[PDB]
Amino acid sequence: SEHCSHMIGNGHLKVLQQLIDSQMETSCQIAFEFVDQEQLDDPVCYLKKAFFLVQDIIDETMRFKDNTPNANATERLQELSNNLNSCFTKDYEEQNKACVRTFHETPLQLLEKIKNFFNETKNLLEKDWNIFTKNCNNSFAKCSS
């Protein structure tokens, strides 16, 4: 998991911004599954619990027209996500849907939630690629209801 060190970068971080910068600000608000900070304080395990969800977001929600800049922007944004399994060590997953909650917010938000993920990720991984290798069972056990 060394190649993991230099995985995410700006070659796509900027691409995710032009994505956000291009969205119409409306009253629209969609539903989605993402981690609830109300029951997850550990930053190390936020990103961990979020990886899966994020990948879903990227695959289901982030849909753009084919062959459009934002489309391609997602394309890569996905490959990255896939080439990124090679750095998150699975944890003890009984009670699978623990720590996860449904969210009703503007795409504006959601996009952001995806923004900081690859951010805090491209951040911590630069500090040390072995991060994301931590054990989060103690963390997830804390998530109630």
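Numbers follow the displayed sequence, beginning with 1.
- Higher mean CA temperature factor, per the PDB entry, when comparing 59-67 with 116-124: 116-124.
- Stretches 49-57 and 85-93 differ in mean C-alpha B factor, with the higher average recorded for 85-93.
- When the Cα B-factors of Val44, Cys28, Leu80, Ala31 are read from the PDB record, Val44 comes out highest.
- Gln37 sits in the middle third of its chain by CA B factor, as recorded in the PDB entry.
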